[PDB]
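This document contains two forms of one protein chain, each encoded as structure tokens and listed individually as structure 1 and structure 2.
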Structure 1
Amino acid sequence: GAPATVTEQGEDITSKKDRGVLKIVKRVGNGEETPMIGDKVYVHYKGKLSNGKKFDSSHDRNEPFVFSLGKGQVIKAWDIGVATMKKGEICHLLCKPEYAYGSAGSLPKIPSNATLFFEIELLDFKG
């Protein structure tokens, strides 16, 4: 399924080239521009753990998730991955723990040392 596919067939988008964050573009977005640091970004997401559990989804809450890009408000994999997206893009990300919650985890749904899968839609970005 999708998590296996992005594990095996995703592109490393890290600066380190340590395969910590892999990406597949699922729906090509609009034009060429990507957001800049500090922009307000609006995303829809779904997240799965490596054991198949769907641990979170913005769609189920009927509101997007909004954060300021590149400020460390979210896991490193999201700062990295959303910065590569166009408006209207849908991508899959596979996040090793170093770019997510590491050995700490995140109570209550994310265990220690968790590799995470996400599907992310970039709805909009504004300065």
Structure 2
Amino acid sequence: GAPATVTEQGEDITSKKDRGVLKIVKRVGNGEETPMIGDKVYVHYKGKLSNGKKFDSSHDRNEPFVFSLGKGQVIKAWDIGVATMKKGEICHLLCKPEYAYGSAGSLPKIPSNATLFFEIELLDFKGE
């Protein structure tokens, strides 16, 4: 399964090197440019609990998910992982609960100590 493949081949992109956020590039994006803190970022994604029956996709709602990079508007794994991406890149991300919703989780939807998996496509980014 895709989560096991990130475990095996995924680069640790954390500062602390605690494997809390693992990344594999599934499709290479354009040029060299990666987004800056405060850039307005547009993505499509697919998210699920790593071993769990909860699945969420922006493709469903026919609208890119938009947020402000590095400002704590998303879980930590995403502030870390999306800052590494190029435009048009698709990556897989495996996120320990430390970089997601933690010991608390976010009930009823997200349980305690949940490891999350994402496929993220970076569509665009532009300066705020």
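Structure 1's sequence is the ruler for residue numbers, which start at 1. So that the term is clear: the rigid core is the largest set of C-alpha atoms that superpose within 1.5 Å between two forms.
Align on the rigid core first; then say whether the Cα of residue 16 has moved by at least 2 Å between structure 1 and structure 2. It does not, since the residue 16 C-alpha is displaced less than 2 Å between structure 1 and structure 2 after the core fit.
Core overlaid, residue 102 C-alpha shift between structure 1 and structure 2, how many Å? That residue's C-alpha is offset by 0.2 Å.
With the core fitted, just quote the Cα shift at residue 56 between structure 1 and structure 2, in angstrom to one decimal. Its C-alpha position differs by 1.0 Å.
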